[PDB]
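Notes to accompany the following structure.
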Amino acid sequence: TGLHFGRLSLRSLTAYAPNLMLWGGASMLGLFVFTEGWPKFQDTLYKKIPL
Amino acid sequence: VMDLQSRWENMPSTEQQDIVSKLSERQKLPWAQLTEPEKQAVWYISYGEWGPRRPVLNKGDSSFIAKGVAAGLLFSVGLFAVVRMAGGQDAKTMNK
Amino acid sequence: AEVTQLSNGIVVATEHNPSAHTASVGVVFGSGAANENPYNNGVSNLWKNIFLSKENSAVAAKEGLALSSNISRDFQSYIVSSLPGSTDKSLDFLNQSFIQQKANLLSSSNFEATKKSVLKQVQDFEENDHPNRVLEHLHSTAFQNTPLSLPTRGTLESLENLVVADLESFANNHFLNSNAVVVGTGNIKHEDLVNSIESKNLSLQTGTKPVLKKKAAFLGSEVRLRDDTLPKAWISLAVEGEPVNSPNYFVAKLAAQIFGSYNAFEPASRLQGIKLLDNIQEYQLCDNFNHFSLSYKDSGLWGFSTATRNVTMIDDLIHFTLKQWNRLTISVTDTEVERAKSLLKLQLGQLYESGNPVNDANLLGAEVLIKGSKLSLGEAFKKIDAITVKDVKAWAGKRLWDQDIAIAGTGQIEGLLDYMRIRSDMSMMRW
Amino acid sequence: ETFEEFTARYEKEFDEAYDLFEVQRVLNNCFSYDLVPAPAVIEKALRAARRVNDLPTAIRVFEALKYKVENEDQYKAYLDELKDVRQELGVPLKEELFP
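Residue numbers (the numbering used here), protein chains in the order written: chain A, 1 to 51; chain B, 1 to 96; chain C, 1 to 431; chain D, 1 to 99.
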């Protein structure tokens with residue numbers, strides 16, 4: 001009847017982690033905004049139809 | 001006895017009463033001892049504004065009418081501007 | 001235990017408790033405070049206090065009959081308690097009190113003395129009972145311009161305009177046959193009560209209470225009754241809750257039970273299993289709070305009322321309480337749900353199965369007026385056991401996560417901030 | 001067709017009131033012609049309003065003449081003669097009433 005804790009709970013960690021993956025996704029969308037115009041990233045950044 | 005009792009003295013405030021017909025049955029006939037705060041009631045109940053004598057356009061609606069006309073006209077002119085402006089006469093200098 | 005029910009136009013519903021030593025018998029009408037226009041407001045309170053008038057209570061006490069009454073938003077009740085050998089006497093007294101005559105109760109002297117007494121009681125409620133008048137203003141501003149906003153107690157400006165004609169008009173429109181349930185709880189049998197009602201006639205009226213034009217609709221607002229000459233700061237705060245006959249009734253009550261109630265001066269109340277207490281006990285943010293899940297016929301309320309003396313840290317109280325409310329949508333644990341199950345079983349069995357028969361009569365009358373039959377407590381415990389964490393999260397996302405709130409406060413509520421920061425604190429911005 | 005035969009013919013048709021919508025219909029049509037109503041016609045109108053057991057139509061005839069009265073001078077003259085007629089009637093102005 002214990003738990004794996006370090007003041008943060010393992011239940012709490014699995015409760016927040018399906019949102020933390022979306023936080024990583026929105027941060028990658030933020031980098032994809034702020035890093036165009038940089039011609040090194042444009043080897044990857046224009047592929048489908050921004051060209 | 002035989003006179004009304006300020007049960008609802010602001011009759012133009014609501015006709016949200018379910019049984020207004022009881023209040024219409026309540027009325028009487030001694031003629032000018034009628035307690036004028038409910039001699040308002042017979043004039044309003046018999047001559048107010050609901051159903052018959054309801055204005056065609058409510059106070060809020062007329063501004064909505066003019067607003068919708070201007071919004072539809074703006075959407076039409078904007079749609080005309082963003083459909084086509086392309087490929088006309090040769091040049092302004094040619095007209096000169 | 002068992003609840004039976006029969007009909008002849010009236011509805012007879014009982015709870016034969018053979019272990020009890022008394023027997024309450026009374027009529028529970030289906031009109032309440034939510035069936036009044038704002039100009040005859042308080043007429044149900046005045047019927048309560050002419051039924052509990054001195055002459056009527058004296059004639060009741062000659063045979064050993066104690067009277068009781070209750071005015072709620074949905075239901076009135078008029079309960080007569082006696083020994084279990086005097087159910088016929090109680091029925092005949094209730095017959096003589098309401099049905100057979102009302103003009104002797106509605107004499108001039110009795111009505112004027114009772115109007116004086118209720119005007120005194122409403123003024124005493126208005127200027128001395130602060131958390132209840134906060135909750136009444138919370139109802140008056142959550143449901144405003146809508147008949148569920150009217151207080152059960154009545155207002156001083158309306159109640160001094162009532163005369164006997166309004167009492168009789170309300171009686172003719174609301175003390176009816178289909179509107180009423182005659183209730184017998186305690187140590188009486190159902191067959192005895194039905195045979196004794198059929199032995200008399202006891203026909204209240206023809207029937208058909210007026211239908212309200214407007215249904216109840218929640219409206220996010222606030223009202224601030226700031227009085228700097230008071231020692232505390234009372235404040236209620238609620239969202240639109242669940243009405244009765246909803247599938248989310250017990251889920252709303254268990255959500256209220258998760259954060260429970262608290263009293264900062266009791267030692268065993270400071271040690272509860274609430275994660276809000278770790279934030280609230282450090283700088284002594286409040287003296288008490290309670291989370292309520294009020295459920296009416298048309299709508300409901302879910303929120304908390306509180307009182308505090310730390311008038312400079314009211315916003316921290318509201319802040320930590322609402323972040324705990326936001327924990328319901330995102331990350332409420334299993335142990336909090338199990339704890340709320342056990343505590344809600346406990347307080348629900350204390351409420352429905354206390355020893356007092358008049359409270360059983362009020363509850364049974366309200367329930368068989370609204371939903372036609374009383375849900376017994378074993379099926380209620382099965383419905384509480386059926387709740388999972390996903391049900392609570394779905395309910396909190398439906399009703400709590402970024403919804404409008406209604407706020408009422410009095411006292412030294414200057415430390416309470418604007419509406420918009422309290423509204424914007426309903427969603428965390430981190431999820 | 002003229003003034004006086006109009007007054008006589010429709011007072012004769014007007015003492016056939018006996019009812020609410022009958023007196024209100026004959027008030028409507030005998031008011032809607034192309035001539036201002038005679039004061040004798042409105043005295044018979046107020047007396048028929050006393051006969052038919054109804055007060056707000058006895059208000060309504062006054063705002064009707066307030067529209068049709070075509071000036072303010074004839075309006076004050078009708079206010080004078082109809083004022084002591086109100087004193088023997090008991091009917092209020094709308095401007096005295098404020099609904």
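Cβ atoms here follow ideal geometry from the backbone N, Cα and C, with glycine treated the same way.
Neighbourhood of residue i by C-beta, 7 Å cutoff - its chain only, sequence neighbours within 5 removed
i: C:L138; result: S236, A238, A406 and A408
i: C:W325; result: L400
i: B:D3; result: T35
i: C:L294; result: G241, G300 and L301
i: C:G64; result: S82, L83 and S86
i: A:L20; result: none
i: D:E43; result: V85
i: B:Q40; result: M11
i: C:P210; result: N173
Listed by chain order, chain B residues near residue i by CB distance under 7 Å
i: C:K214; result: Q16
8 Å CB neighbourhood of residue i in its chain, flanking five on each side removed
i: C:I387; result: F250, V251, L254, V337 and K341
i: C:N95; result: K200 and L202
i: C:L343; result: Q257 and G260
i: A:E36; result: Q42 and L45
i: C:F143; result: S149, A216, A217, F218, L219 and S299
i: C:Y296; result: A34, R73, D74, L148, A216, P243 and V244
i: B:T14; result: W8
Within chain C, partners of residue i - CB distance below 8 Å
i: B:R7; result: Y39, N40, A165, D166 and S169
i: residue 98 of chain B; result: Because chain B is modelled from 1 through 96, residue 98 of chain B falls outside the range shown and cannot be assessed.
Sheet register partners of residue i (DSSP bridge)
i: C:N288; result: C:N263 and C:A307
i: C:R270; result: BP columns for C:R270 are empty, so no partner.
i: C:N70; result: C:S77
i: C:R224; result: C:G409
i: C:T14; result: C:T4 and C:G184
i: C:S295; result: C:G300
i: C:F125; result: Answer is none; C:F125 lacks a bridge partner.
i: C:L237; result: C:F304 and C:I407
i: C:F29; result: C:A180
i: A:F5; result: A:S9
i: C:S82; result: C:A23
Residues that residue i contacts on chain A, provided the C-beta gap is smaller than 9 Å
i: C:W431; result: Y16 and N19
Proximal residues of chain C, C-beta to C-beta of residue i below 7 Å
i: A:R11; result: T333
Beta-carbon neighbours of residue i, restricted to chain B and to distances below 8 Å
i: C:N161; result: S6
i: D:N28; result: Those do not exist, as D:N28 stays about 13 Å from chain B at its closest Cβ, beyond 8 Å.
Interface residues of chain D facing residue i [CB-CB closer than 7 Å]
i: B:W43; result: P56, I59 and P99
i: B:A32; result: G90
i: B:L29; result: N53
i: residue 105 of chain B; result: In the structure displayed, chain B extends from 1 to 96; residue 105 of chain B sits before or after that span and is not available.
Contacts around residue i, its chain only, beta-carbon distance under 6 Å, and the 5 residues preceding and following it disregarded
i: D:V23; result: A17, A48 and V52
i: C:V311; result: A233, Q412 and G415
i: C:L46; result: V118
i: C:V11; result: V181
Interface partners of residue i on chain D, CB under 8 Å
i: B:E36; result: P92 and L97
Residue i CB to nearest heavy atom of the ligand FMN below 7 Å
i: C:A216; result: Absence of the ligand FMN is noted for the structure shown, with no ligands found whatsoever.
Chain-ordered neighbours of residue i on chain A, where CB pairs are closer than 7 Å
i: C:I330; result: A15
Neighbouring residues, chain D, relative to residue i (Cβ below 9 Å)
i: B:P12; result: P99
Check your understanding: Counting Cβ pairs closer than 8 Å, one from the region 48-60 of chain C and one from the region 104-114 of chain C, do we hit at least three?
Key -> yes
Review point. Which residue spans inside the region 131-191 of chain C form an unbroken beta strand (DSSP E) run of at least 3?
Key: 180-186
Practice item. Ignoring anything shorter than 4 residues or poking outside the region 310-391 of chain C, list the alpha helix (DSSP H) runs there in chain order. Key: 314-330, 334-352, 357-370 and 377-385
Exercise for review: Evaluate contact between the region 409-429 of chain C and the region 310-327 of chain C, counting only Cβ atoms and requiring at least three cross-stretch pairs below 8 Å.
Suggested key: yes
Practice item. Kindly confirm or deny that the region 206-215 of chain C and the region 114-128 of chain C touch, where touching means at least three C-beta pairs closer than 8 Å. Key: no
Check your understanding: Is it true that the region 147-163 of chain C meets the region 11-30 of chain C, where meeting means three or more beta-carbon pairs spaced less than 8 Å apart?
Key -> no
Review point. At a cut of 8 Å, does the region 161-174 of chain C reach the region 78-95 of chain B through at least three beta carbon pairs?
Key: no
Check your understanding: Using 8 Å as the threshold, is the region 1-10 of chain D in touch with the region 277-295 of chain C, meaning 3 or more CB pairs across them?
Key -> no
Check your understanding: Does the region 357-366 of chain C come close enough to the region 183-195 of chain C that 3 or more CB-CB pairs lie under 8 Å?
Key -> yes
Point to revise | Given 8 Å, three or more beta-carbon pairs between the region 60-70 of chain D and the region 19-38 of chain D | key: yes
Point to revise | Runs of alpha helix (DSSP H) wholly within the region 13-59 of chain D (minimum 4 residues, chain order) | key: 20-31 and 39-51
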